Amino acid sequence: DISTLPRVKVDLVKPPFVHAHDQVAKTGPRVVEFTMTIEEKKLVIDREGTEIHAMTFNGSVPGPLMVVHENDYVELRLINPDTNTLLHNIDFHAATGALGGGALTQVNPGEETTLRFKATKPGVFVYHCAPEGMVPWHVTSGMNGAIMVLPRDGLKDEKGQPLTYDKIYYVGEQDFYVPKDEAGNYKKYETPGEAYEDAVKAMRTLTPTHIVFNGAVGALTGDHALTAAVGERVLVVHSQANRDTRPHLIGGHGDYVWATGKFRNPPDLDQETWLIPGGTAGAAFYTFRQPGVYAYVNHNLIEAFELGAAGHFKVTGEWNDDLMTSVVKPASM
């Protein structure tokens, strides 16, 4: 009887940060309450000032990471304010039935709905909007995020021993298909409805114009680089709702990787690069051993360095000359 269960309200945070949670469950099963408000908004996605009409959960691309434990119930209040123009819904890949919830959560502007589902399988999972006839358009306008369903006893390695992370970040990777004219310049529009046939044509090329982390070129750089210290254990959750990616930590590794995101499987060890298929969330665990700047990229390096799928970590601490050293610094022959 669900009404006998504790309820807990979560207040979400903006990616790449993740709301507070406990790895090992400190309570029995609960109903975990979340609220998200849909926001259609203009977003500038590159250095050149290219502007799109983004479709967001809670104002960000990606939407926020939700965290529960296996056999909790997720109860989502989804709000579509009357300042929006389009119908939206939500499909959770974590959920069972009704198109992931999509068939039950169609909200017009000015409506809201509350969906409950049981989180029966542990892992990281994509969620995304999916309105009938308009699915890729909403997804590729930014309307996707992820949910993490932790095992009740937290994460385990390939030998069943505990893995505990000190920090967690969520990297949402977004492929955009900004329409171009014949000469190759992007079109700008007053409303989201002003793209539709042009959006379909752009999408049908299967060639993104931009591929970004956290909604824009350079979003995870500068004052907004990810941070860690030497010795810290970091979990990086990465999602791609529509298109394959291949993450890589330049200067590091994925010590334990669940490339397709599902924690009942043993992790793959010592990965250089891993493939997260489109429509999937994955997770990588790494312990930093060297200080300095790292680049976290999609290792199609054109996608990384020309299209935008690159971020930075800035790591503090002690350099280890045993692991790497410059024996003879660059100099003339």
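In this text, the rigid core denotes the largest set of C-alpha atoms whose superposition between the two forms falls within 1.5 Å. Residue positions are given as counts along the sequence shown, with the first one as 1.
A.B. asks: Return whichever of 174-182 or 136-144 has the larger RMS Cα deviation from the displayed form in 7 other deposited structures of this protein, where every structure is aligned on the rigid core.
C.D. replies: Checking 174-182 against 136-144 in 7 other deposited structures of this protein, I find the farther stretch is 174-182.
A.B. asks: Could you tell me which of the two stretches, 188-196 or 227-235, has its Cα atoms lying farther from the shown structure in 7 other deposited structures of this protein after fitting on the rigid core?
C.D. replies: Farther on average in 7 other deposited structures of this protein: 188-196.
A.B. asks: Name the higher of the two by mean Cα B-factor in the PDB entry, 155-163 versus 67-75.
C.D. replies: The entry gives the higher C-alpha B-factor average to 155-163.
A.B. asks: Can you tell me which stretch has the higher mean Cα B-factor, 242-250 or 76-84?
C.D. replies: Stretch with the higher mean C-alpha B-factor: 76-84.
A.B. asks: Please work out which residue in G279, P62, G282, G49 has the highest C-alpha B-factor recorded for this crystal structure.
C.D. replies: Of the candidates given, the C-alpha B-factor peaks at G49.
A.B. asks: With respect to the C-alpha temperature factors reported in the PDB entry, which of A310, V315, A20, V13 ranks highest?
C.D. replies: Answer, based on the entry's C-alpha B-factors: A20.
A.B. asks: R233's Cα B-factor: lowest, middle or highest third of the chain?
C.D. replies: It falls in the middle third of the chain.
A.B. asks: What third of its chain, lowest, middle or highest, does the C-alpha temperature factor of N298 fall into?
C.D. replies: CA B-factor rank for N298: lowest third.
A.B. asks: Once the chain's modelled residues are ordered by C-alpha B factor and cut into thirds, is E39 in the lowest, middle or highest one?
C.D. replies: Highest third.
A.B. asks: When the deposited Cα B-factors of this chain's modelled residues are ordered and cut into thirds, is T27 in the lowest, the middle or the highest one?
C.D. replies: Its C-alpha B-factor belongs to the highest third of this chain's values.
A.B. asks: Relative to the other modelled residues in the chain, which third contains the C-alpha temperature factor of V200: lowest, middle or highest?
C.D. replies: Highest third, going by the recorded CA B-factors of the chain.
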